[PDB]
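Single-structure report; data block below.
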Amino acid sequence: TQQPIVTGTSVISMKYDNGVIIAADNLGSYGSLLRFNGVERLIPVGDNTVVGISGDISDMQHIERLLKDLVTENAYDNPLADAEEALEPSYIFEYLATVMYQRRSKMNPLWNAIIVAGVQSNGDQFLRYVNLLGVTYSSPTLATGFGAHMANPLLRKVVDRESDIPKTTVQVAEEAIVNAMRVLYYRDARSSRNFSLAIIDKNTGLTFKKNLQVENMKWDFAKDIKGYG
Amino acid sequence: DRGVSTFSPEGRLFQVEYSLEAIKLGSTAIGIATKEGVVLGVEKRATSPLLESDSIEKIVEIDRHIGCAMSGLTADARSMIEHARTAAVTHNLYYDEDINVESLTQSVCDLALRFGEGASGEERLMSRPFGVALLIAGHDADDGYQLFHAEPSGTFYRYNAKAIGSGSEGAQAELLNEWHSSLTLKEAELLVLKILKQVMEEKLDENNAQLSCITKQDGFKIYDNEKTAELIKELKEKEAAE
Amino acid sequence: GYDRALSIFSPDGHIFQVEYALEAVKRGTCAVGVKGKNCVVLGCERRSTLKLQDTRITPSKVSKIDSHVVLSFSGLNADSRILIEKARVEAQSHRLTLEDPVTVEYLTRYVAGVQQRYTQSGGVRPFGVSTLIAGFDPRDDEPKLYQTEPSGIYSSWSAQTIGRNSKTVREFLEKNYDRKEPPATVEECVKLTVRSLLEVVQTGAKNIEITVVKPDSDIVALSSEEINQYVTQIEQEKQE
Amino acid sequence: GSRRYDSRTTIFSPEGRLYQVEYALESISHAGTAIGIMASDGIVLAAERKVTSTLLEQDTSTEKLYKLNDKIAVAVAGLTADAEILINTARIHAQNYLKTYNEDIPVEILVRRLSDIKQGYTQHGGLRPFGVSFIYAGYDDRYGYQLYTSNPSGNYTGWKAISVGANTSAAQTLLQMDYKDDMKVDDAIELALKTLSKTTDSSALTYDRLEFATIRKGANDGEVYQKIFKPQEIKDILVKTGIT
Amino acid sequence: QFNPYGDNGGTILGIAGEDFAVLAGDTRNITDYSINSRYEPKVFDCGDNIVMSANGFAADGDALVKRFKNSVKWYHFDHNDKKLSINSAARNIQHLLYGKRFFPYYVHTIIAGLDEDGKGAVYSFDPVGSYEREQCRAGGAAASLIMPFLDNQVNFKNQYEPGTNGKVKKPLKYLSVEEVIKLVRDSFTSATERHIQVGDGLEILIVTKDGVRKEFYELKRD
Amino acid sequence: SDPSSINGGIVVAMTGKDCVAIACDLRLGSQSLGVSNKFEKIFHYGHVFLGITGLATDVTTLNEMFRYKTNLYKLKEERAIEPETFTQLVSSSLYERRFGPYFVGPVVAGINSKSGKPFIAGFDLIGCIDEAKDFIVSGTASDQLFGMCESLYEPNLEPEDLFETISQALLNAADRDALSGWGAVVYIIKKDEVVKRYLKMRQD
Amino acid sequence: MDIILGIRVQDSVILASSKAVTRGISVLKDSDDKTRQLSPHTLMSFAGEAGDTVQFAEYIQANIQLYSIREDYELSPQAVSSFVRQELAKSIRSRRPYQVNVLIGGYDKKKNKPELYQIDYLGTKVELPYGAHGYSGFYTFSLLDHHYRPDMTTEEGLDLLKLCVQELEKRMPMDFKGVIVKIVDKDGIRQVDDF
Amino acid sequence: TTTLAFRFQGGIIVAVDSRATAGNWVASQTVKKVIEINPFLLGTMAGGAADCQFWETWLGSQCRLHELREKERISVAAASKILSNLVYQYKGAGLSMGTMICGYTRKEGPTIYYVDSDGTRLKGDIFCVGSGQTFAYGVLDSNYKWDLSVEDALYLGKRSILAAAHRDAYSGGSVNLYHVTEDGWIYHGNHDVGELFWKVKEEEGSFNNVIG
Amino acid sequence: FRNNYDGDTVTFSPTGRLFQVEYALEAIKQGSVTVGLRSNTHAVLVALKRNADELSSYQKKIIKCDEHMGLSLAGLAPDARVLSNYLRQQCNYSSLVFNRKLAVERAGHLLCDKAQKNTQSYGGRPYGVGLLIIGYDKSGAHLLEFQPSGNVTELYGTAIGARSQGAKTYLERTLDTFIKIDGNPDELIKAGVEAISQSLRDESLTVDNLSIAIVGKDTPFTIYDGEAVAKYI
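What follows is the structure in structure tokens.
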């Protein structure tokens, strides 16, 4: 049994026609006490995958180290495939999954959720989910922790089904997530103004915008609420 | 002392060459596999008229459709029969189905490989040997009657017929003439005794011979000592017509 | 730690240590076995002859394994103690798990089993022991006599002899025990077993021990007087 | 490689004999002599040291006589160091039986287990066989007084008398003449000094080259007594058989 | 307190034919009241005309499909492409299940293929260990909504020829593959309307002598 | 109910002038039901004495145990163990079964043979060496005994007058306890001889 | 149920055992021996906990019969009781506890005197003139001490036991359905068939 | 869950139900609660399903491996004392076992042995395990005789499962009979429990009480 | 043949040599010939299958390791059984854990690293068998040479066995031709027959004693035998 102590919470993601957009807040809470701030937890793994991790901070840093070495193992040899056979999304995922399997057998879990999000050497969009439970599922959009009940309905306007992925451009996606973030920053205690956004595009690599803050906030209406009767 | 480890600069593990001698010392074992019934017959080589003939066992049951005859030191074989029995029954718990005949040979051949130095905690529970051959005979849906020849080498081949033991050379040359593809069960049973008579030290009797088959309906079945005495008697009639 | 190979194959198709095993047996004492049709008789000669040497507390060379199994052993006598030990162990763990006393067939395999399994491991020399195993199958009357090798091979016999000068007594037994007609009674068998020993013992009744096992856990030894009586009888008849 | 350096204690000769074991039977016959005598009325356990120097504190030493428990004493022949291992291993085994049956170990049992230990060194594991032989002297209810000896092979036999150590053949023929089956304890004492005074390689048999101990049923209320004599009472019975 | 058993809803339905078999189930994967993914296969092919689905807590369900396809592989090397019998396959899982009986898997597993005779074969496994060969068995969360409809349309159980008043049980008539496709579709249309862990999609795998045929039919998205 | 309170019994041990005396009651039963009045609790090893109270199965197991340890001591030195190195032997074997301790209280009382010296010592569960040179009590009425002893007891008593004293204190406490009541043995131990006297104790 | 009773008279140990074995709601059988012969003059009765009683019987029985092969000498009843107390003592500390009570009744030939031993599950031996176990053993202790004299012969002792059972049938609510009584006389071990 | 077996003249009759419930929900009504351990032993399924099915197949393996090993077929008493001493190892791990191993050999006759999870192993003439352990005793014991025609003995088994099936919740489904002779068990097949009730209600004239 | 050094792999010679390895190298030349050649879309193995006498059947010389990979043995048949297991095992380990096709490059290097352990430690013989591992992945087609020594090298073409040089020479005269063969399955097999006929010197070519294996960009690992190699030949 592990007790979540220093937790950060919420990671959102969706597909569009040419890649994925994953973004998560950066914020390390410790119950009510907000004890650490601006804690990066969008990790690049090569230049065609980001792995976004949520739940317990302590457990996170021990899955930041296992990724880093996973590249050193692959990079050995394969000299005529140091960019051709370099770690696919699909590899990075399975490996994590099956470690998270193995600690749940001893009932001492790495108490987290993981999103693996990247692009194949076919160009196929990729987006999967794994967590403490040992469930996996892939999806047209994806949310973690508290954004399963707020963030998911917003993105499911844009992506409904598999007819809509070629119609959804990357200007539209961009708008959608930022805006999605507005609602999380409102209704979630454990969420701040700082958020890191990553685009993995299948045609231009890893675009990593860091330390955007929320924009256009409605608080004028609030003057006019008075008492409660 | 030679190692088990060492190579002979020809390229050979001295020990394998010495094992394949031990087969030849032991008693004759013929097998003829036809498309209608595998017949195994061995020479017991009762060593005194005091010793009881039928306590000696060199036709051995592995399961109820894989029978097996052994040549060489019967002791070495005690370990390797038991290993084979377990494995065939293990498979019948695990797939509710007859073990392939070929597959069973492989598991025996695997234990045969073992004789190693026994480095670290690794389990090689032998340090030596397995100087015995098997005529592993069986029937399964996949291939008809088969017959397989195991060595102490860890090396096996299928064979339409094979002799082994003391009179192997003589028996081999009569087999390359007599073997055919049209043999019946009743003709093969009489033919085995005729090739076993030539290289038997003593006169062909059932007090130094044991016959067996495996036939589709029966399975394994070793013959009665009364039946065998009758097949001896019928060989000499056909021969005395000639 | 020690596992150095002692079953160095002989290039002539043998194993040096397993020949030597057979040799050490030949050195040691003699013992003869014969099966009537309702008895078994185990006689062995005892070099425990030596004024001022007890026989009450000195252990005889015929051992009790179980109620209705008995063992006799030739070869190294330090070594005998082991195979007794293991067999006793066995005899109880059979009752425990399957019920019913040991079939004489079974116990034969099992003793034989132990001796083979000392040629497999490197850290250990072969037992230079051959044995006679005798008994009567649970709730039956079937005499059985079995003998095993330090090879590990085993076979039933009508009568057998192991130990020193086994060739004299085998050659004696071919003529004088018919394979179709066992000695009829218990006294006629015992007279026949004495007569076999008194070829290599060079008279005396004090030397030889004769134990008889019959069906229904009848393990009995003949005392000095009885031995003498039988010997004397064989003396008058033979003389005449 | 290392196989060359390997002595192969374990292996059989072409005689079928264990050449190692025969060597060990030697190393006993170098060591000082010990004699066993069974009487009906007690057991006299008597052995003459090998050591001899004039600076030996005879009073302080036992080295040839050890008690196992209160009913069972052993006399030692061979290397004393080797022996000391076996002799502690005996003592623990005696006690183990006492905790489990509240009934003192029968003499047959105790001997049989020592004999099993010895054998095991020469079965497997390329150990060197112990260079030791014991005389066992012990009493129970079952068989009465019992005498045994076990040798380094791991094979034991009972006896009505016996000798181990040097001049084994010499000792054995002196006893063959003289022992009658009826002796008291006091006559048995006198036959023991007699057999030791001829064989002794040193010219004089002295009270400080001897160790004597008894096991007598002449202790009343049906109880047995051991006693190892002091070097000052063996002196009083050395003048009794006239050796001085 | 850590609890290492979840639930993920979802339902399978095994109908045996007289030369065909059908293993169908829905594509809806859930956890409490959040829909994770609307579409997510459950019913995986294992080659050799075995199809398996381990429904229940999705986390176990992949682990017991792992070790299964592993063992399907490793049979075929050592028996040199002896084809793996639908029947033998049964007795195999039963060891994998039992092997973790002191840490269970919460899945209710069904394998299905043709047997030697050419008849359909449905098996279904107790999650603890044992199993029984069936003719039809639902499992999964809305099992108790689908089963009792199938036993009235396949076995004509409690129906009689009319006019004979209880004396003549209606006769068994073996169902065409065309008929059994329609049956499934009706069952999983109704399951949606009265249970909140069925919907979105249904996946049928049909296995015959030919091979594996796939068929996807939509359901209501709610 | 604790394990010690199943099988009960008391043990009292009191020094004199160049003498010592140990005593207990003969009860051995469980809860209400009495089994036997034959059970003895006082053992000895040489010229040292050992009493033990409490859990009946641990009673006989520590007796077989100490007998084996002080056998193996007497063979090596070839003399009786002194009371003070017996004290020590007791301490170590309690304390190395620290977890799952033996539910007892050992009372040791003897005369160190060489010095003439009166000697007592007490114990409890995992092994604290209670030195005393007045008296020790243990067992399941250890509050009750304590009183009587402290008022009666005077330092220096003749081996004959000691016997009166320990007599009184045992009798009156046992029938004011539930778990003691049948019989009573007193060992008066002078430097050369051991008197056994069974008390007439009124039936419980 | 649980009723094993013992009375030693001048020339015998008489052990009596419950005919019935209840597991579950029903009485599964009304005949099942709750005794195993160890030796020719040593007899052991056991009662207690479902299923342990058997394994702890035949484990003793083999072991004690092993000794008798090895040494050709039937152990004292005095000895026998020790071996069992040792096995119990050891088993309480372990991972499995062994709930089993034993009465061992045997005929010493060394002493030529019957002896009875009573062992409780804890691991305390006590030799007795008579003894019992369970809550059941209560009803019997008080008839016995009235009418026991230390001289009775086998026939006076057998009638006394009949009174005891006769009481036990009145007052206890668990049935058991009579007893099998077994007698270890000077040599023999015979089952009397009467009540 | 009614399993009963009684010794009689010609050998043993086994009889079982086949309704195996999981909760209130009735899982399946086809569950054959016999386990053919080889062609001369029959072993029932009562108690926890997994622990029972699996472990008597494993017993099946020691039978085909005692049988080769001595060439003498396993005694019925000896088979049982295997199985018992295996589950004794795991005692206190929630495995759940109630089987009767039934056989008839020519050295022991028809003999039932009843192996149980505590380690209790009883020989006896009648056993009946499971939900219908008391109803089944009752009907059976009036009408039970050590002397009986084999035919009558088959009809005594039907009626015993019948009785438990009517009153009990979890017994129902179908009935099964087997008849052990020396030569082996022969199957006397499966009768539906809903057709069987109505023959015996009318034909005999019992169950008045029941409406209809 | 002794004196000097011929004991364990531990003892190391003043010559610079390790004898046991060299002995092990002689072992392969005892067995039957195998060739291996590739092009960019197909890698073929041809090996000669053999039989003890003419009642005896042939022997399996080509081993399918997986559905994209396989080896063929030359020399010791017990040794080949140990190492074929371990490449089953390891290519399974990379589909379970990482879901990646075990790359031919990697699979060579791992085998090398296992061989080394047998020659450093006291006891254990060197493995004395030679494996030609063909296989196809996303890096195209590979052929590897396992020497007993431990060395792996990638080649276009090789042979090792009895009278191999007859096949090795043919493969070099035509090096220019067979890499340019792409897409014709038939044309590749048939070049490889005419490469193995040179080795058959004093040996007649049977069609049922030849074992042939193609793997490519659309076909899995497939062994041809019996009727199927009687098409080509």
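Chains as they are written, first to last, in the UniProt record's numbering: chain A, 34 to 262; chain B, 9 to 250; chain C, 3 to 242; chain D, 2 to 245; chain E, 20 to 241; chain F, 2 to 205; chain G, 1 to 195; chain H, 76 to 287; chain I, 2 to 234. In this text, a Cβ means the ideal position worked out from N, Cα and C, and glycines have one as well.
- If you look at F:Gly-148, you'll find it in the alpha helix (DSSP H) that goes 143-153.
- The beta-carbon distance between B:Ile-74 and B:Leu-119, rounded to whole angstroms, is 16 Å. This is too long to meet the 8 Å contact definition.
- For the options G:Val-21, G:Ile-14, G:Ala-16 and G:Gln-10, the alpha carbon positioned closest to that of G:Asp-175 is the one of G:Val-21.
- Cβ contact annotation for F:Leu-153 (same chain, cutoff 7 Å, sequence separation greater than five): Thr-166, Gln-169 and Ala-170, in chain order.
- Taking 8 Å as the upper bound for CB-CB distance, G:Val-126 and F:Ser-37 are in contact here, some 5 Å apart.
- Secondary structure note for A:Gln-204: its alpha helix (DSSP H) is the uninterrupted segment 203-220.
- Within 9 Å of the CB of G:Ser-76, the CB atoms of chain D belong to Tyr-102 and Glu-104, in sequence order along the chain.
- Under the DSSP assignment, B:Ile-38 falls outside any alpha helix (DSSP H), being part of the beta strand (DSSP E) whose first and last residues are 37-40.
- Within the region 115-187 of chain A, the complete beta strand (DSSP E) segments of 3 residues or longer fall at 145-152, 158-164, 169-171 and 174-176, listed in chain order.
- Non-local C-beta neighbours of C:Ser-157 in its own chain, meaning closer than 8 Å and more than five positions away in sequence, comprise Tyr-148 and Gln-149, ordered along the chain.
- Taking 3 residues as the shortest admissible run, the region 38-101 of chain A contains the following complete beta strand (DSSP E) segments, listed from N- to C-terminal end: 44-48, 52-58, 60-63, 66-70, 75-77 and 82-89.
- Looking at the DSSP output, H:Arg-82 bridges to H:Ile-87.
- When the alpha-carbon of B:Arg-20 is set against those of I:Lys-139, I:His-110 and I:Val-130, the nearest one is in I:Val-130.
- The Cβ atoms of H:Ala-90 and H:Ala-124 do not sit closer than 8 Å to each other.
- DSSP lists D:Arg-217 as the beta-bridge partner residues of D:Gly-43.
- If you draw a straight line from the Cα of B:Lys-229 to the Cα of E:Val-187, it comes to about 52 Å.
- Looking at the backbone, the Cα of G:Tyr-130 and that of G:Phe-195 are separated by about 19 Å.
- Of all residues in the region 39-60 of chain F, the ones placed with a Cβ closer than 9 Å to any Cβ belonging to chain G are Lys-39, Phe-40, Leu-56, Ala-57, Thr-58, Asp-59 and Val-60, in chain order.
- A residue is called buried when at least 16 other Cβ atoms come within 10 angstroms of its Cβ; C:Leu-52 does not meet this threshold and is exposed.
- In the structure shown, the three-state DSSP call for G:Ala-20 is coil.
- In the three-state reduction of the DSSP assignment, E:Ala-73 falls in the strand class.
- In terms of beta-carbon proximity, H:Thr-132 lines the interface with chain B, with at least one pair separated by less than 8 Å.
- Closest option to A:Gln-153, judged by alpha-carbon separation, among A:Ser-46, A:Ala-57, A:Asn-236 and A:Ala-213: A:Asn-236.
- G:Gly-157: not part of any beta strand (DSSP E); member of the alpha helix (DSSP H) spanning 154-171, first to last residue.
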